[PDB]
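As structure tokens, one chain now follows by itself in the form deposited in one PDB entry.
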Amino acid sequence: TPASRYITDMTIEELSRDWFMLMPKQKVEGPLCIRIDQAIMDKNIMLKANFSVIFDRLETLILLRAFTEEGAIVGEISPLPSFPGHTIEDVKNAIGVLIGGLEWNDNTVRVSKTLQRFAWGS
């Protein structure tokens, strides 16, 4: 995919950073894995993603991570390696699930400018 059509909300360091859930919760949502630290509560959270775009919309998700204001990773949507294929609809389903999950724990959740523009938002 052209560099122009690859959105990178995250740095190389942010994508590969190890993070550890104190109260893990994991879910398969079609071809995507959703992970969330249920320990995290009462925080403002930003979803950020690296993904390709085509025809003005998210095409293929590489990785999405949830960041607290202090910059800790507390949540993640990743593609299952046995399901190379997924759609924007799959990605949107998973984002709504992850948001729901964090809202259960009294977190306020926002999505990045680019996610809003390319996938999340009417």
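Position 1 is the first residue in the sequence shown; the rest follow in order. Shifts are known only where both forms have a C-alpha. Take the two forms, superpose them, and find the largest set of C-alpha atoms that agree within 1.5 Å; that set is the rigid core.
Beyond the structure shown, there is the form solved in complex with a partner chain, which is absent from this document and is the topic of what follows.
Scanning 42, 89, 69, 56 against its partner chain in the deposited bound form with a 4.5 Å heavy atom cut-off leaves one residue, 42.
Only one segment in the set 22-30, 80-88, 46-54, 59-67 has any non-hydrogen atom within 4.5 angstroms of its partner chain in the deposited bound form, and it is 22-30. Within 4.5 Å of any heavy atom of its partner chain in the deposited bound form lies no heavy atom of residue 13.
Though the partner is left out of this view, residue 114 does not reach within 4.5 Å of its partner chain in the deposited bound form, counting heavy atoms only. For residues common to both forms, superposing the rigid core between the shown form and the other one reveals a single consecutive run of 3 or more with all Cα shifts of 2 angstroms or more, at 2-4.
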